[PDB]
Amino acid sequence: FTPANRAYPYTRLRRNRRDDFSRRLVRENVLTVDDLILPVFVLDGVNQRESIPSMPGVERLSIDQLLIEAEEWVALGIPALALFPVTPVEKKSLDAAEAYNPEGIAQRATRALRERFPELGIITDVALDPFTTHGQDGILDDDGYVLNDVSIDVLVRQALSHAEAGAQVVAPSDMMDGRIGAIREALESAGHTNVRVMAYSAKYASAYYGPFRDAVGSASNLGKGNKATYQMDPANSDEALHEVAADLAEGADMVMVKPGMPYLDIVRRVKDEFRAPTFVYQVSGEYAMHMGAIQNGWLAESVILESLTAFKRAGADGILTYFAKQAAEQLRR
Amino acid sequence: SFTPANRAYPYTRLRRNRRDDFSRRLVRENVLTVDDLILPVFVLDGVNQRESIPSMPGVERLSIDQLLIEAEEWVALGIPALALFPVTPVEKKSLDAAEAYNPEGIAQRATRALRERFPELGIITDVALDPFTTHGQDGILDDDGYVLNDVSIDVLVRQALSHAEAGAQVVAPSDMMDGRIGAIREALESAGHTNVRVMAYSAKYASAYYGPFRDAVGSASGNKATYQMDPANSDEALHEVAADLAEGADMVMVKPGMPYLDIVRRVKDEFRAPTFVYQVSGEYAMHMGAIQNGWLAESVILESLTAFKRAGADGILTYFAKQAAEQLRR
Amino acid sequence: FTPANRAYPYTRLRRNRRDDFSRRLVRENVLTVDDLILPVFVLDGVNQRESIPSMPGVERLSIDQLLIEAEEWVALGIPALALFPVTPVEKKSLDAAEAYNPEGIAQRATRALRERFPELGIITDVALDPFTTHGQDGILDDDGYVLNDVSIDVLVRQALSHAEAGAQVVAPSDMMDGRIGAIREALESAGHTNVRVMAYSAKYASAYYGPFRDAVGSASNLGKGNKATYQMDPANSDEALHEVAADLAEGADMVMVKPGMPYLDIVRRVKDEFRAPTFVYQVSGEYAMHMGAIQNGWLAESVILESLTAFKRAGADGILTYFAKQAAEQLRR
Amino acid sequence: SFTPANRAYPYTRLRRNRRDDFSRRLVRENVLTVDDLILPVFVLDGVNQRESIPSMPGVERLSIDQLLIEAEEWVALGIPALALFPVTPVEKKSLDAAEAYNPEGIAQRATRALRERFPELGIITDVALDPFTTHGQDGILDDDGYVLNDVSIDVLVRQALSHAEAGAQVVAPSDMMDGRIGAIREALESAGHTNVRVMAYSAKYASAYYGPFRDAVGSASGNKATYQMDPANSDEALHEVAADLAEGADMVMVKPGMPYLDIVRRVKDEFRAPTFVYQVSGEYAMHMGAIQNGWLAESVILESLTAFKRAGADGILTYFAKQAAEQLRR
Amino acid sequence: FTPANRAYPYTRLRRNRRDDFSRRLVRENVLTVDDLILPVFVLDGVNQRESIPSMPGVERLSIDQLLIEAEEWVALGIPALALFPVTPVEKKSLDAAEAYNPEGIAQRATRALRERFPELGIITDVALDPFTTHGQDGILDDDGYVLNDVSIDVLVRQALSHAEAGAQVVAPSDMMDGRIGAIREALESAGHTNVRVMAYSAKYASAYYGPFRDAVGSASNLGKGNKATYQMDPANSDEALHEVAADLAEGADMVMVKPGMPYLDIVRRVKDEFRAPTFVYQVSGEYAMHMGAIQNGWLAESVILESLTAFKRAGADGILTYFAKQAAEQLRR
Amino acid sequence: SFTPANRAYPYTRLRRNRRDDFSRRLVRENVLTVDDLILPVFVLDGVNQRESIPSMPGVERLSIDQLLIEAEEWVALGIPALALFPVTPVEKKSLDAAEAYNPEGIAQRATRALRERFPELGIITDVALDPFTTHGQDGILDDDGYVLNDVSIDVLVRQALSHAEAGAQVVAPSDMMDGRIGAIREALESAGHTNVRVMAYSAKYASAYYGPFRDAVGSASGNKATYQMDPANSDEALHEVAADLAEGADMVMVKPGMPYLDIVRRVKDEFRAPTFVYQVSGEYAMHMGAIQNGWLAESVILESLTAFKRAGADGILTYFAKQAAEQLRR
Ligand SMILES: [Cl-]
Ligand SMILES: [Cl-]
Ligand SMILES: [Cl-]
Ligand SMILES: [Cl-]
Ligand SMILES: [Cl-]
Ligand SMILES: [Cl-]
Ligand SMILES: [K+]
Ligand SMILES: [K+]
Ligand SMILES: [K+]
Ligand SMILES: [K+]
Ligand SMILES: [K+]
Ligand SMILES: [K+]
Ligand SMILES: [Mg+2]
Ligand SMILES: [Mg+2]
Ligand SMILES: [Mg+2]
Ligand SMILES: [Mg+2]
Ligand SMILES: [Mg+2]
Ligand SMILES: [Mg+2]
């Protein structure tokens, strides 16, 4: 960068801050509804709405209830939903076969939403964690290690069942090496030419996933287990560039940094280095922490749009956020 | 900077994101909002007057009362700022351009009237001598017909001060005299006008695109290649901006607009400062003419304005600002 | 960039502007006839010259009339023509078979010009829009979507018929993914080793194509249809770099940004990043808008060379411009 | 800068290094140590006083004797520095903010007491007028309610000098007046306070995250968008830091912290200077609230602090500093 | 870099140096035990401990003695050992067959350590120099030249016997072209998916290897021979970038610069350019030279941590150092 | 900067160029020549004296007549410059370091004697107070034992002037006081010493490697972390060099040498200025000790010196300069 010899008092950076109109003129970034993705927790059955104690204001919804709520999500202009099925306990297995069940919640919810709301983007989740008795994102070997290439075999079948259900976007969150190219290849081979792959590229072994694990019901399955053999070390930044570079090479249409606010520097570096469609997840713990402080009267509602503007400023094109309705509503007005 | 990352067809198909509206909206790199818009307005001396301009279809010169009336609609649409260009009566032109610093000149009157009735509306005054000289040249001429640099700056400074006294939040020197940004900043600071912004017309080309504006303001009674920039020069625009930043400009502008998008892009990339671009009278008329003739669909207006945002402009001075602001509200 | 601490009054940038001679010495870019490509609209039949109301001063020309006009284009030193055939209504089809007809206007015009003017560069257009009843650049599926790889099959046959006719350059304007490498491969396989591919790399879904659509007669076919599923979003800049990077990798000899003046920042970035032979189209709407303002007395003729100098300054090596004769004439003198 | 080097699955499997603790530790790019930690502390006027703060669970305001007692534990843990924030009695607030430079103001007293009993402990004083004004604004107001720049700097300078006289090794201007770093540096040098460090709050955003701190210090009886930075602006933070470095800052700070990691990263990459970040009261409370509610595991605290190191911060002002220092000792 | 116009006396860089606390706050790099790899010389037989005259304080150790010493290495938190077997004279050959003996010292020591200390990283050495009668790192042709691809055949068999013994890391020190990709391929083919390859990427034809050659017993075998046809020319820096780029492309998980302190500029460039896990060897001559000066009373012990901090500052993530115990002990306290 | 160009085994085999001496010589990136060499020499007060130094095997302190005798051999070998380090008699040390600017101090005498008998030989004097203070500290101490910055600069300036008067072509301030390069340059210019070069010891670390030199010069009767650089810091060295260049240094130096090659590399890459590196007494002794012990072959000396050239140094201050110069002649 070139400072161009700017010096007080010839340069006073408060002059542009003097008035709202100049503030607005020079303002570098804005959040719009075109930046918003709403994740939703999807229940089996009919007429089901379940509160989540660790994500106040967020509800698990059966497919019929989801179709009704989606009327307003669409009316607000929200471009896409990311679906997270809440797997019945009895459907969890060692082999995660429910992942690719054409009658699984994810697949049924896709078919229903694609028919009801043809313009709404549906992003499915490619990962085994909602389907395994152990709560890990893949298949274990006899050492209890998440097998890479064997897991990809199952993830591929899943991705294909999502495309078959009409999902415009599949989002592998699993963090297996090479899964973007394996899923891309399979989609291509099968004629699913236009199904986007939204890679979770730099997805960290984070402590901020707690509430979501309660929400999808994987928390009791995982127990004290951790994902440090596949999810990325929080301390590592350069390594995120290698992750993204491979996912681009492998065919990803979009690349994602996960967690969001605790990793904004990663967003910045990924946008700067690759100049590709860049996505960020404002995860369940980020949401819970803001919502808990707002409900306590400790922070003003306005932190919501402040937290979301940060993602734009950092370089994200789109934001998966549990705040997406609240935000769209505030936008809107 | 830029890494292809070994992206290769068919693994990479750049049309997947284009497949649907929802994914095009998600990845869409830039968006024009009314926050980006500045409306230039031509201001008359009388009351209850509007005049049409043959080379600027749909643009009216307004007397100050009409300006106030119309500004109600501009403010309602959320347009942040106006850029005022006085249409000087012939009796008020001189070799000394004294009308430039007249506390009752059209720009000064318009400014006080606007600042009082719409206190949140940004007013950007024009610092230049071309509406005030008998030959309309942007400065004072010597005996060979040359536009004197430092002597013109003395008049421009008096002018900028009069604008700051009239209440203008921004003065915009468009004259292209060397060193004027610094001289104006110095004088503003010495006079205690600490918060008056200076929007430098930094890289302002010796263009053929200003023709309609010259009819608009009545300056059309000659070239400016000794002060305005040679259209061929790009590296040069970086030196012009570096100086204006060092001299204290709060925002820097590239002029003409669309014929110079590459300059917007270099200026934003290199300096990372508030960057402005003028979509000039000639751009406006070309587009407007083609639309009215039925040659071009009217969506070319948002396409042109969108181009400014993509090239790196923060704000756009454009005669389209009202039309664009209405399309963005609808 | 390094400002090197240059400060008024030690640095006065008006000193070089003082005199024509210093102006000329430091002037960074110049337009010459070596930068000019003339597009031409080519009619069937004999002795045909048709005015285009939305492109004043431009005529559709039968092949005999084109050969006569070309005498002066060559005398002026214009390096190349880009041919755009005006397809008879009765020859438009679903399958676009006329694209690869050895007796199609494009093919006949190539053979005639290559024989008459052996040094003149002939650039043919690879695209189905002049041949389809729907006016879209490729073959539609049952959803009315432009099929990518199926369209490339037809585009390849077309490119081959152009090479067979003697075209030194083929210019795929179609914006299908991967078509540069498919056309390159086919040309290579068939022994057309030296046929250049001039890729329309970063070709935007623009509103500035109106007059050309009237000129080639595709406007009534297209109707209200749009090309947003293949032509690029006007808002997108980083994405242009990915487009060009792939076309280079795929074998393009030249890469083109289209529209021209509304996308000069793209020209700048493409030249800066790739350092490759870079081309820009000053499209029909750009031409119409300048010509309409000049005829109205609103702009001086001099905007023509100003608009063309911009392309040089921005980084283009060559410019496809309907002004190419006027410009060459003004150069010339 | 960055070269992918044609790395491709399966030759490249980024999980191999993740396979085992030993290889994760070897390649681990960043590590938080107590060397990175600064504890902000809220200081009361009395003796034998502690108060709890509703919006800052687990944080106590301490009178100076309690501060000394607690500092024994902070020093033992190896915490390098405290950042003092006085809780000004209501009787001591004024329009002129004179209490700011009172040689017996809470900050000044706390500093002398600390410098004497823990001479190796770093004391960072707050240079700002918001704990001293009746309206708590960070400067002196004019008649339209505007925070006067240069007039406020005059008071900030008197304040910084009083801190240097009290023995402070670092004064930290948090006020966001233009040019204050230079004016403070000039005055420090003229007075022979050659080694007093200035830690500029350089890119300090007009944030909603300061709510709990305003309760903590008692300033909660209004916005600061005319001086604090617009949250949307990034390029702007580079200009703010460039000026503060030129003006003589020894370290530069980004504030808020985690909602601005991208700014930490740009600031460190571009300037390669000592870079500091404040994990503000709102960050602390959000995390603390979620942990106590059972929503988040307490390892999110080290994860947040680790994020600062990775983003490029050298030092972190954080209300978590004692907790983190104990986890690093255990 | 941007100096930002910093000028004395407004900028005095001694202000941060004034006090220990500010020193500590701004200190850019720190050595920790997570950066340390201990190389060890491994003897055949039982109850063997042999001093090395050119590496004072370093001992060759039989496997039983190595298991006992390793108790404290682990207690100190040292992440990994690099094993260097001391080949019996009678086991040296033309064909280096002992390299891949499942009962070779390296293989036996791996199996023993992997079983006794499951969390300790074991890095094996892939190179023929401890096994050849000539002391060169590969197989000679009839001109006495080290054959590239023939040597790789043997190195591959070795690497495989190391994986089979349970080594988590193999470190080819041989400097044959292409050996990283050959070893990677073989490991992959054989299902050794997670065995890391720590490439000696920019390994110089150095004079600083003397003491180690005495330690492993290769010095008398090598004689006056040199390795200039494979080990890198000390004068060459740009060439190191090409070396590393290829090893990354070929699948290395970590890349190493060798010697350490005489090549810190190489460390800096490799980290800066590639942003990959970067390793550096503080070689036997570096160790001997510091230890000799410390024992003579010519340098303070404190040069040890100074020499090791240099590697962190230069850009290394991990350091193979004979000082690793001393350092860990000093850390520790 | 760096493009791998898709080079891949077996098309690319980097050993082909290594196959033969002739191709290794052709591609060989750097070469040490005697043009790169500066010999530091320890100078005694007497006549007909040489002393051995226990921690610096093979290095002798020489009285000025012995220096002249030996310099005949250094000049013949083509060594461009000496760096003089006086061994001050105990009687000549003081709190005020006055012996530093004594026109008959050892450095000053040695310089006149050298400039007269070998007028083409470069003489680099040491600007520092550590050979002259009773506590040997590089400056004047205040009452807390702190090395005063500006007060020390006053003495260093007097010293540098005395060297310029004695005929020195280069004065080399090794003291690490802030701002000294500028103060020395100013004083040299004011006194008409227009062509006297200043070789700044710019990035001079608080090292353990200076131990043998302290025995050599007799300063060994304490640390310098308040002025010499923290070994851990790299970005910091860029700021140190930027200042010294701005202040007028003709060449900039990194000290210690081999433990800081990464700093040489950053300094040359970023500033592209004449860059010097000191291979310090501790480096010399480590190498020398290992060679004599039979542990290392003597080719490690050229390897170490070659490393400096590769890292980006133009010139090397090295106690090996005579040995290396003889190997380069043979
Ligand atoms: Cl599809
Ligand atoms: Cl003002
Ligand atoms: Cl051919
Ligand atoms: Cl001080
Ligand atoms: Cl394995
Ligand atoms: Cl001189
Ligand atoms: K978006
Ligand atoms: K804007
Ligand atoms: K020229
Ligand atoms: K630190
Ligand atoms: K490490
Ligand atoms: K050579
Ligand atoms: Mg991955
Ligand atoms: Mg200028
Ligand atoms: Mg393409
Ligand atoms: Mg500031
Ligand atoms: Mg190699
Ligand atoms: Mg210095």
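Structure determination for this entry, per the PDB record, employed X-ray crystallography and reached 2.15 Å resolution.

**Student:** Now, about the UniProt feature "binding site: 5-aminolevulinate 1" in chain B: what can you tell me, with residues and values included?
**Tutor:** Residue and element names in this part refer to chain B. Look at the UniProt record and you will see "binding site: 5-aminolevulinate 1" annotated at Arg 214 and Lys 224. For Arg 214, the position within the fold is in helix α6 (residues 211-217). Once residues lying within four places of it in the same chain are set aside, the contact partners of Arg 214 are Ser 219, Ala 220, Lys 224 and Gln 228. In this structure, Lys 224 sits in the loop between α6 and α7 (235-246). Here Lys 224 is in contact with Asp 130, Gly 136, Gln 137, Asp 138, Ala 206 and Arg 214, once residues within four sequence places are set aside.

**Student:** Could you give an account of the pairing of strand β4 (residues 81-86) of chain D, with specific residues and numbers?
**Tutor:** Residues and elements named next belong to chain D. Among the six residues that make up β4, six are buried, leaving the element largely enclosed by the rest of the structure. Taking every second residue as pointing to the same face, both faces of β4 are buried, with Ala 81, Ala 83 and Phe 85 on one and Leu 82, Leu 84 and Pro 86 on the other. Alignment of strand β1 (residues 37-44) against β4, held across six bridges, turns out to be parallel. Within β4, the residue paired with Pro 40 across the bridge is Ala 83. Inspection of the sheet shows β4 paired to strand β5 (residues 122-127) by four bridges, in the parallel sense. Bridge pairing links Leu 84 to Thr 125 in β5.

**Student:** Could you give an account of the pattern of salt bridges, naming the residues involved and the relevant values?
**Tutor:** Should the charged atoms of two oppositely charged side chains come close, the side chains can pair. Tallied over the full model, the rule gives 130 salt bridges over all chains. A salt bridge links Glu 60 of chain D to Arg 50 of chain D, with the shortest nitrogen-to-oxygen separation between them at 3.0 Å. With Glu 60 of chain D in strand β3 (residues 60-63) and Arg 50 of chain D in strand β2 (residues 50-52), the pair connects residues that are ten residues apart, well separated along the chain. Owing to a relative accessible area of 38%, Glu 60 of chain D belongs among the partly exposed residues under this scheme. A salt bridge links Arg 18 of chain F to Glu 239 of chain E; the shortest N-O distance between them is 2.8 Å. Placement of the pair is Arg 18 of chain F in the segment before α1 (21-27) and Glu 239 of chain E in helix α8 (residues 238-249), with the two residues belonging to separate chains. Taking relative accessible area as the criterion, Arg 18 of chain F reaches 3% and is therefore assigned buried. A network of salt bridges, in which partner residues are shared, links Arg 12 and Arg 15 of chain A, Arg 185, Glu 189 and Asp 250 of chain B together with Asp 150 of chain D.

**Student:** So what's going on with the nonpolar core? Which residues, and what values?
**Tutor:** Counting residues in hydrophobic clusters, the biggest one holds 237 residues, and the most contacted among them are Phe 41, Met 198 and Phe 274 of chain A together with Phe 42, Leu 114 and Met 199 of chain D. When neighbours within four sequence positions are excluded, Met 199 of chain D is seen to be in contact with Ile 38, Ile 124, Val 170, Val 171, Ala 172, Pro 173, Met 251, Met 253, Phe 276 and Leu 317 of chain D. With 233 residues, the next largest nonpolar core counts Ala 285 of chain B together with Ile 122, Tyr 200 and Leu 308 of chain C among its residues.

**Student:** Kindly report on the UniProt feature "binding site: 5-aminolevulinate 1" in chain A, identifying the contributing residues and their values.
**Tutor:** Residues and elements named next belong to chain A. The feature "binding site: 5-aminolevulinate 1", as annotated in UniProt, sits at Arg 213 and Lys 227 in this numbering. Turning to its location among the elements, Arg 213 is positioned in helix α6 (residues 210-216). When near neighbours in sequence (up to four residues on either side) are disregarded, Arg 213 contacts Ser 218, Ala 219, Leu 222, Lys 227 and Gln 231. For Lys 227, a relative accessible area of 6% gives the class buried. With near-sequence residues (within four places) excluded, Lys 227 lies in contact with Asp 129, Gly 135, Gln 136, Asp 137, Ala 205, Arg 213 and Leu 222.

**Student:** Tell me about the coordination of the potassium ion (ligand 11), and name the residues and values.
**Tutor:** Protein coordination at the potassium ion (ligand 11) comes from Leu 26 of chain D (O), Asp 35 of chain E (OD) and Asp 317 of chain E (O), with a distance range of 2.6 to 2.7 Å. Taken together, the residues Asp 35 of chain E in the loop between α1 (20-26) and β1 (36-43) and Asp 317 of chain E in the loop between α11 (303-314) and β10 (318-321) connect sequence positions 282 residues apart. According to the relative accessible area criterion, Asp 35 of chain E is buried, its value standing at 5%.

**Student:** Describe unusual backbone geometry, with residues and values.
**Tutor:** Between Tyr 9 of chain B and the following residue, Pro 10 of chain B, the backbone shows a cis peptide bond with an omega angle of -5°. Structurally, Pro 10 of chain B is set in the segment before α1 (21-27). Backbone geometry at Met 176 of chain D places phi at a positive 60°, although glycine is not the residue there. Following the sequence through the fold, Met 176 of chain D ends up in the loop between β6 (170-173) and α5 (180-190). Taking the relative accessible area as the measure of exposure, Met 176 of chain D reaches 2% and is therefore buried. A positive phi angle, near 45°, is found at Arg 332 of chain E, a position not held by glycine. Its location among the elements puts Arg 332 of chain E in helix α12 (residues 324-332). For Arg 332 of chain E, a relative accessible area of 57% gives the class exposed.

Rules and cut-offs
Residues numbered from 1 in each chain as written, not as in the entry; some residues may be left out. Chains lettered and ligands numbered in written order. Part of a larger assembly, values for the part shown. Heavy atoms only, no water. UniProt positions renumbered as here; feature names shortened; annotations may be inferred. Helix = DSSP H or I, 4+ residues; strand = E, 2+ residues; numbered from the N terminus. Contact = heavy atoms within 4.5 Å. Buried < 20%, exposed > 50% of the residue type's maximum accessible area, 1.4 Å probe, protein only. Pairing = 2+ DSSP bridges. Salt bridge = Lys/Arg side-chain N within 4 Å of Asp/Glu carboxyl O. Core = buried A, V, L, I, M, F, W, Y, C linked by side-chain atoms within 4.5 Å. Donors = N, O, S within 2.8 Å, 3.2 Å for Na, K, Ca; no water.

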